[PDB]
Amino acid sequence: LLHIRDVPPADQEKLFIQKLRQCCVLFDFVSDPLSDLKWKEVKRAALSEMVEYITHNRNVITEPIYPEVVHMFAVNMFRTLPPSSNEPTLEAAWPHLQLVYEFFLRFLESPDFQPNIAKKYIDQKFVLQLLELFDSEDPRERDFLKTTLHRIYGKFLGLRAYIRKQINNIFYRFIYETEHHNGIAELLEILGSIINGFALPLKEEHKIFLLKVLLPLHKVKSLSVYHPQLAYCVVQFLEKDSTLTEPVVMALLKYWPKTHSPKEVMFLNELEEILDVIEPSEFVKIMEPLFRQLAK
Amino acid sequence: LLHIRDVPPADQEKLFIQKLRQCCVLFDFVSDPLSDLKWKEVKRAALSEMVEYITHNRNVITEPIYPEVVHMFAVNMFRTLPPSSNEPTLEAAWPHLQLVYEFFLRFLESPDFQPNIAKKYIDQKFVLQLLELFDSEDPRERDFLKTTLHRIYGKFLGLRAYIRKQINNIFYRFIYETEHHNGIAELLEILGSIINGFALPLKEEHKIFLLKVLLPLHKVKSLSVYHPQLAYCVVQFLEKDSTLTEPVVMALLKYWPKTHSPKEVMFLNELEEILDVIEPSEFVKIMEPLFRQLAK
Amino acid sequence: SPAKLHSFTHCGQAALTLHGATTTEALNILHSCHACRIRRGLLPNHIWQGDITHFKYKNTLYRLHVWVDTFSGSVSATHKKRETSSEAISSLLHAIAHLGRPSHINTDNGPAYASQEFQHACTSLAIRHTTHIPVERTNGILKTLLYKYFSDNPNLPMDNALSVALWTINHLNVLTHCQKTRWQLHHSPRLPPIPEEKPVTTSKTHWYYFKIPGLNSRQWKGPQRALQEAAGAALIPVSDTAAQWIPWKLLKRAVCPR
Amino acid sequence: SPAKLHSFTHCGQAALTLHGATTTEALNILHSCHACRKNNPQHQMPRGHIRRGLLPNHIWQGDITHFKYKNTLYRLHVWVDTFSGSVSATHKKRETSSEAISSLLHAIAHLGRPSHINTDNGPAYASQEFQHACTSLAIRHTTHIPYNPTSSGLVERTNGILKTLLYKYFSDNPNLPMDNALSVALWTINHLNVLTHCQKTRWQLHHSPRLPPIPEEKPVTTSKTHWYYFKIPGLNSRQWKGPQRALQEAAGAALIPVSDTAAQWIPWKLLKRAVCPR
Amino acid sequence: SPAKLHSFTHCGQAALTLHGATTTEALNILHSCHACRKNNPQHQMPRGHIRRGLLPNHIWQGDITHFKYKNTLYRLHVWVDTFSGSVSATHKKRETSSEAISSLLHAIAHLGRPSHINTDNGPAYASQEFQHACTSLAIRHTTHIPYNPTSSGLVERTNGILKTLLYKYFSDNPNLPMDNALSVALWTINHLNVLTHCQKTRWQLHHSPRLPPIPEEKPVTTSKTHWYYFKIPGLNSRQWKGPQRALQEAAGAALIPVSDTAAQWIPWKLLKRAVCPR
Amino acid sequence: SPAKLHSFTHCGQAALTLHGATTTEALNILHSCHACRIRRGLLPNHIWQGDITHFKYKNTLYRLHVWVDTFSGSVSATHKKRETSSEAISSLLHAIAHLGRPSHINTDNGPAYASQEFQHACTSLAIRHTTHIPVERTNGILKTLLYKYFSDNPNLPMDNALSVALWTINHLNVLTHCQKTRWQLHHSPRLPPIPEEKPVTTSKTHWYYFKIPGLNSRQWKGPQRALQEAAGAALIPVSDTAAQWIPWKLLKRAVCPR
DNA sequence: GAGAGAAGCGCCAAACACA
DNA sequence: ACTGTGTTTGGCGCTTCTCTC
DNA sequence: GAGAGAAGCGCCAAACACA
DNA sequence: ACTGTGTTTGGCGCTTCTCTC
Ligand SMILES: CN(C)C(=O)CCc1cnc2c(c1)c(N)c(C(=O)NCc1ccc(F)cc1F)c(=O)n2O
Ligand SMILES: CN(C)C(=O)CCc1cnc2c(c1)c(N)c(C(=O)NCc1ccc(F)cc1F)c(=O)n2O
Ligand SMILES: [Mg+2]
Ligand SMILES: [Mg+2]
Ligand SMILES: [Mg+2]
Ligand SMILES: [Zn+2]
Ligand SMILES: [Zn+2]
Ligand SMILES: [Zn+2]
Ligand SMILES: [Zn+2]
């Protein structure tokens, strides 16, 4: 076709839309290692010029672009997950995937982005389909997904309580129904980022969220792979309010495994940080039960 | 009294008027060498602070000052001339005279001077009484008088033809009626300054002025004391128009003294400059009579 | 080229894959070389581990002071010829310069780390210090990489070898779990906090009056928005078709036109 | 005549105007006088700026400075990134190509591998050993105009900054070891001090996400050349020389034939505009 | 704590602010640090200006410069009037008090008798013979701060101007005699060249009517003194010294005790403000 | 003091009267000293007269080249030890530097003033030159003043004596006819021409933004009218009670407020 | 009760030195 | 290709706050 | 005929060097 | 009392003028 930068601005938006649409065609690397080589090369090139162009001009993004880009992302990303296979394998379509993630990230944080236009082109269905994608096995996939979900949650206002309820639901499903998940650490990072910005006083919904899904997450046999991040999140609650720490320590002590295991040290480590914050405010109410449980 | 610079500006003008008025009192040095020593000293001082103050502040001179200063100058200068006595003697009142001349000169050329205010406070009588004062014998007196009359003629517009007629009258009186005068050189300088600014074509009045009073001025027995300046004035006419030089050379040749005298070289000198300008424009109409007169 | 890169650094095949090499020829080069054929900290610069190790040579010994981050695995190593509290202080300061200030420090008992000098040095930086009696794996990677480098060329001054080994470990090799290098994991900025009941607005950058370099102009033409800001220059669109990096001396602060 | 008067006295513009001449003729007479242009040190040409990288680890500047401490002359090898401003510095006992290579390797370990490095024409930088080392890691090394330190200005500035902190560190405690002082100063410069204009830290710029790619550049230059009076950078001269005509003009400098044999690269700040002889 | 962090690292304002401190506390910490003020060459104080006459022949400035011509080192004695800018210059073979007296007499003949003359502390100006000559004609002679040529700046500038014309006069004809060149240059400077800002000639200012008298002056000075870090003008120092307290402050300089025995006059441009110890 | 002034310069009593001395004590000092008891040009620098004179000494001779203006009597004298066209050129250039460029020059025939060197020098300056065969009085005044100076002190280098004599003749002695010195008569500006049918308006000077010296200010406070303009400074009223000479670097050109 | 001094804080051109 | 730059510092305009008629 | 290029002219900040 | 200054130079805003549709 024709490069977007070498056209008069009068019809430049139309060429941008056309170049958006020409990348909507799919290309399957998993089907066969060699298929449509020049088509794939021109798609990669076009993605490169698009990501270059979007981040060097202002007042380029207007209303007839917002839904089409969302459609492009949905066509390129939202799909059936690869079959579960339990170093992790790498997705063979990584070039196009990485380039389109770069483009989407640069598009979401442009200064010309308007929050009054995406409320009708991005809805709960899109964010649910995005959150479903965290179960991928490629770590880079999960990294880009985390840094995209952070911006999505930060930018929008009417999609905060919905996402909190959905994350509670997915935590319930992971801890009770389905035991197959690998995006837990990135989700814990998102939770830590969200909870670092709470205000006082804490509403009872956050107390329920603590008392229901976060402490019992310690019971997972695969705790170690996401051990540090989890602890971080806990540390970010008892700092906001030192009064509400009694249920946390009570749950940690009562549900502490009475049997010897190499992972017990994990808990000990966490306890240390808790102790490092619990000494002030005269917190000796549960000191004796804590010592009694630690003695065994 | 009180210094003018150490008072609020609200009543500063009144103090300026009072200090103007307190110097109106006369002091005669010729009457006796010692009389009113401290009065003379305070008058000299006050003149000094007045000339200092007038040239360092703006918007200080307004309407109630213009006629009073003219009155002060008239009281301090306009008087009966000292008796004629034919190195020249020096006026014994030179301190006050010089200081008041300095003050008047600085006042006449202040940027705040307005030509629409002195047309009703200075009239022909003042300028006639000033021109009558050129007959003084102190050369410094005549120098200040010349540099004052130049500014007076330059500033005012309705007093130009009147002064030209008066200078013609005084030239007639000096050349025919009265033979006692000593301010001729300064007057010739004033005439040269005035005639350097003529425009074309020259009006017939200037031709009459040339043909009546300027050439016959060569007949004065006291020509030498003002010989150079006179020549200068002549040079400034024949430059404006080379056609009107025939009457000048005719008068110079016909009225050339046929008898030998040491002052004849004077004329020769003048002739040289005339020749130095008369060679172009094919001026050979009177070359033969000029050579015939020069041969004798 | 990948062959020269591996011949000089001897990094893993997954390191070569990040360069122009593809997985198959990466494995080919990996097996074509004769010489080659839990986290306790919660955030980077939270808990460090400090060891002193003996590097053996044919006719000499070296003492490597090594500091390893418990979260990213980033390594700071310094070689000396003795062992004292002063050199422990120097190594800690060097590691702080390379990595940053740690909040908590952990090491073993010994002649160093226990004298009043090290304690005072820790208190000057306000670093909490805990010592215990029994990582040792990164030490092994460092040893084997140094040994490969010296086997390739016996004429090395032991400082270039250490620098190249540190570069290979921190910037070239990639972690298996997350497919990242140690440098990226250590220095990746964290996600900003998200305030509740308050939208996170996008930061608005500044406006500049600019002059085009190499023209000797004296009139600031137009206030423009800055795209990117760096040390020594800022990115300004000189026209609607291209952008240029204008130095700070040719930029003047402006106000929004409103 | 104004022309002969100026040829005799070399008076200024207003002197020629008062003797009768228009402003244009007097100004042309002034501009056409070789004597009045070879002897006036004043001149008016644009300023030059060092080349800057478009992303971290693109272009680096390196230099060697001296430091006096406890009767010891330490040599500080300093490398600075032209994009982020990040600084790496190592102290040694002397200066040598091998020590320059070691400092480069330490800087690469501390910051990363650069694409290009530009340094002055120091004895240890034009050596064959340094070129071989740079080619080994595929690093393009260029050199500045000789005897023109301003072309390395950024790194020179950094040198001063570094030394200043060291002096402070030695004012409080003269018994502080050199390595400790250098490490603390590097930590302060790269992590604690905030850059004046971008209001950020050098480390933050160095490791900020590389999401903005490189804008494309254009090697298009002006196709016209001019005449110039010149001064040789190596030796200071009281009066200008020439004028000659530039073989080719670059951004910030020009190629000028000093002699009939070979030419030389002259920065804009030692050049003066000349009127065309024809 | 910001205080201990700055005492250890001597970091800047923003570093202390990001670790928790108000702008006021951080700025006070910066201003109270002796190390950060003895080692920073930057400072901020008002500029000084030479004393100027109130009318022609009131204050003169004189200096001696060198000129190389045909393997001969001529000494140019230059006097300049601080009101009109008029210049008198004489060429001699060496420098001596007697030749300074002769040049002064020639300048007096050319321009007139001045009231005061101020020159640097040259060997031929502090001599007893020159003082006797100045007292003979009742001329008050003062001297500048030693090793501070800027205090004679005007005459220094004139020197350069003069020399420039000479070079032009020797560019056209290298066989022109020195006396001819000097006379022509003096004629051009004083009669032909027009001053840049007042748009007049030096000769016109010198002989313009003295009708404006002298405005009265006030010797009133500030009665308060401050503390200052200082640098000795004679020898350049990398770091400031002190701080000490000024015995008395003048316009453009201050009296500072360098040692416990005697004080010294220091210009404003080698001083730095200091915080009061109490 | 008048006594010291006459003892050093030996000028006339009318010269002392311009100083603090009054006529009676001026005459007293004049008669208390043992050693003391037509114009052809039309304007200054119009016609000059050039002479070469032999100054006699006990064991040497000097040759004084003297140029005298025929209108003011101003004298420029230069002493040499030989007589040639080159020294005539040098003396003429020195006189031009001291007095100004003459339009017409007059002198006697001799080895100098007649060679092609002097003619070419005159044509370079565009000076019309006329030579004739027969002022000599000013030469006599110069001789007698030099003789008095040497009689007062025999240890003089003949340059200081000439400089002091020139100063006394040009700046100290006053002419009898007009009570002026030669310097004032020579350098008195002439009256400007007076155009006809056009008023001579007073020239309006400029307005300046100013900063007070010695304050390190950075804001130009108020535009004011300049009283007097000189080299290096201008007179500005800082307040309504005093005025100050502000240097040019602290002045900025303004526009009338209207 | 309320407008006038006082404290706080971000910004800027001129100096400065890097052999 | 070739090319000067980054930090320090008092003085101000600005905003917000406290003690007094 | 008429508004668009061209010539004319006064002004200014940054460079410069005075051992 | 003690203290930096004056000239040169291309680039512009300004005003006035000449050749072309
Ligand atoms: C060419 N040949 C054969 C050689 O031997 C080259 C020797 C060599 C190598 N490096 C050098 C220098 C000399 C050098 N004189 C300076 C230097 O003057 N700095 C002061 C400085 C002044 C002005 C400025 F604007 C900035 C400044 F930094 C310098 O900085 N560096 O790096
Ligand atoms: C005190 N003792 C014992 C002595 O021997 C004193 C010897 C002595 C006498 N006169 C001198 C000098 C030295 C001198 N170094 C200069 C001089 O550096 N000029 C260059 C200059 C630089 C900067 C500036 F801003 C302006 C300038 F002009 C100078 O101009 N003059 O007159
Ligand atoms: Mg350098
Ligand atoms: Mg000197
Ligand atoms: Mg000097
Ligand atoms: Zn290998
Ligand atoms: Zn010239
Ligand atoms: Zn400090
Ligand atoms: Zn006598």
# chains A, B, ... in the order shown; residues from 1 in each chain; ligands from 1
$ select_by_dssp --residues "stretch 34-264 of chain E" --states "strand (DSSP E or B)" --output "VMD selection string"
chain E and resid 59 to 69 72 to 81 87 to 92 116 to 119 140 to 143 227 to 230 241 to 245 248 to 249 253 to 256 264
$ residues_near_ligand --ligand "ligand 2" --cutoff "9 Å" --atoms "only C-alpha atoms (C1' of nucleotides) and all ligand atoms" --output "PyMOL selection string"
(chain E and resi 62-65+119-123+145-157+159-160+234) or (chain I and resi 17-19) or (chain J and resi 4-5)
$ write_last_selection --atoms "C-alpha atoms (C1' of nucleotides)" --output "short mmCIF file (atom, residue, chain, number, x, y, z; two decimals), in the first residue's frame"
data_model
loop_
_atom_site.label_atom_id
_atom_site.label_comp_id
_atom_site.auth_asym_id
_atom_site.auth_seq_id
_atom_site.Cartn_x
_atom_site.Cartn_y
_atom_site.Cartn_z
CA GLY E 62 46.20 55.68 32.21
CA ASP E 63 48.00 52.50 31.25
CA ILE E 64 51.05 51.19 29.40
CA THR E 65 50.77 48.61 26.63
CA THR E 119 46.10 53.84 37.35
CA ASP E 120 47.02 50.30 38.29
CA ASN E 121 49.94 49.47 40.60
CA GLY E 122 52.55 49.49 37.87
CA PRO E 123 56.23 49.90 38.74
CA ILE E 145 43.34 46.96 43.85
CA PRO E 146 46.52 45.09 42.83
CA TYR E 147 46.18 42.23 40.34
CA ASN E 148 42.69 43.39 39.28
CA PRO E 149 42.93 44.79 35.73
CA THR E 150 39.13 45.05 35.41
CA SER E 151 39.25 48.16 37.62
CA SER E 152 41.12 49.91 34.78
CA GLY E 153 38.85 48.30 32.22
CA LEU E 154 38.09 51.40 30.18
CA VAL E 155 41.71 52.22 29.44
CA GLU E 156 42.39 48.54 28.79
CA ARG E 157 39.60 48.52 26.22
CA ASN E 159 44.42 49.90 24.30
CA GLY E 160 42.88 47.14 22.22
CA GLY E 234 46.63 37.93 43.32
"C1'" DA I 17 39.93 40.82 23.87
"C1'" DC I 18 42.43 44.36 26.48
"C1'" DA I 19 49.71 40.83 29.56
"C1'" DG J 4 34.92 46.09 33.44
"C1'" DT J 5 34.28 48.21 28.93
#
$ atom_distance --atom1 "atom CA of residue A:208" --atom2 "atom CA of residue A:274"
20.0 Å
$ interface_residues --of "chain I" --to "chain F" --cutoff "12 Å" --atoms "only C-alpha atoms (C1' of nucleotides)" --output "PyMOL selection string"
chain I and resi 11-13
$ residues_near_ligand --ligand "ligand 9" --cutoff "7 Å" --atoms "only C-alpha atoms (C1' of nucleotides) and all ligand atoms" --output "short mmCIF file (atom, residue, chain, number, x, y, z; two decimals) with N, CA and C atoms, in the first residue's frame"
data_model
loop_
_atom_site.label_atom_id
_atom_site.label_comp_id
_atom_site.auth_asym_id
_atom_site.auth_seq_id
_atom_site.Cartn_x
_atom_site.Cartn_y
_atom_site.Cartn_z
N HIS F 6 52.16 80.16 38.34
CA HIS F 6 53.05 81.02 37.57
C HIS F 6 54.49 80.56 37.67
N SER F 7 54.91 80.05 38.83
CA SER F 7 56.27 79.57 38.97
C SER F 7 56.53 78.37 38.06
N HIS F 10 54.68 80.24 34.06
CA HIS F 10 55.07 81.61 33.68
C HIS F 10 54.11 82.19 32.64
N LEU F 30 52.92 89.14 38.90
CA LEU F 30 53.54 89.34 37.59
C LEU F 30 54.83 90.14 37.71
N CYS F 33 58.25 88.52 39.68
CA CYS F 33 59.08 87.49 39.07
C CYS F 33 60.25 88.13 38.35
N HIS F 34 61.46 87.63 38.63
CA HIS F 34 62.66 88.21 38.03
C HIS F 34 62.67 88.02 36.51
N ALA F 35 62.25 86.85 36.04
CA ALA F 35 62.28 86.57 34.61
C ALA F 35 61.16 87.26 33.84
N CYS F 36 60.10 87.69 34.52
CA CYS F 36 58.95 88.28 33.85
C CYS F 36 58.98 89.80 33.80
#
$ atom_distance --atom1 "atom CA of residue A:155" --atom2 "atom CA of residue C:202"
8.5 Å
$ residues_around --residues "stretch 238-248 of chain A" --least-positions-apart "6" --cutoff "10 Å" --atoms "only C-alpha atoms (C1' of nucleotides)" --output "PDB file with C-alpha atoms, in the first residue's frame"
ATOM      1  CA  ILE A 195      -4.618  -1.646  47.563  1.00  0.00           C
ATOM      2  CA  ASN A 196      -1.693   0.750  48.015  1.00  0.00           C
ATOM      3  CA  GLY A 197      -4.122   3.573  47.204  1.00  0.00           C
ATOM      4  CA  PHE A 198      -6.879   2.941  49.735  1.00  0.00           C
ATOM      5  CA  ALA A 199      -8.281   5.729  51.906  1.00  0.00           C
ATOM      6  CA  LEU A 200      -9.513   5.778  55.488  1.00  0.00           C
ATOM      7  CA  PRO A 201     -11.689   4.387  56.868  1.00  0.00           C
ATOM      8  CA  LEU A 202     -11.616   1.021  55.101  1.00  0.00           C
ATOM      9  CA  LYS A 207     -12.507  -6.596  55.130  1.00  0.00           C
ATOM     10  CA  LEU A 210      -9.294 -10.070  53.200  1.00  0.00           C
ATOM     11  CA  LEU A 211     -11.201 -12.561  55.341  1.00  0.00           C
ATOM     12  CA  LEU A 214      -6.543 -13.875  50.614  1.00  0.00           C
ATOM     13  CA  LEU A 215      -5.605 -15.804  53.761  1.00  0.00           C
ATOM     14  CA  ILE A 274       4.219  -8.955  60.346  1.00  0.00           C
ATOM     15  CA  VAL A 277       5.069  -3.927  62.072  1.00  0.00           C
ATOM     16  CA  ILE A 278       3.048  -5.370  64.975  1.00  0.00           C
ATOM     17  CA  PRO A 280       3.969  -0.829  68.253  1.00  0.00           C
ATOM     18  CA  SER A 281       0.425   0.090  69.361  1.00  0.00           C
ATOM     19  CA  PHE A 283      -0.211  -5.494  70.312  1.00  0.00           C
ATOM     20  CA  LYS A 285      -3.403  -9.518  72.765  1.00  0.00           C
ATOM     21  CA  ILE A 286      -2.454 -12.566  70.675  1.00  0.00           C
TER      22      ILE A 286
END
$ select_by_dssp --residues "stretch 49-253 of chain B" --states "alpha helix (DSSP H)" --output "VMD selection string"
chain B and resid 49 to 54 66 to 76 94 to 108 124 to 131 139 to 155 161 to 172 184 to 195 204 to 209 227 to 238 246 to 253
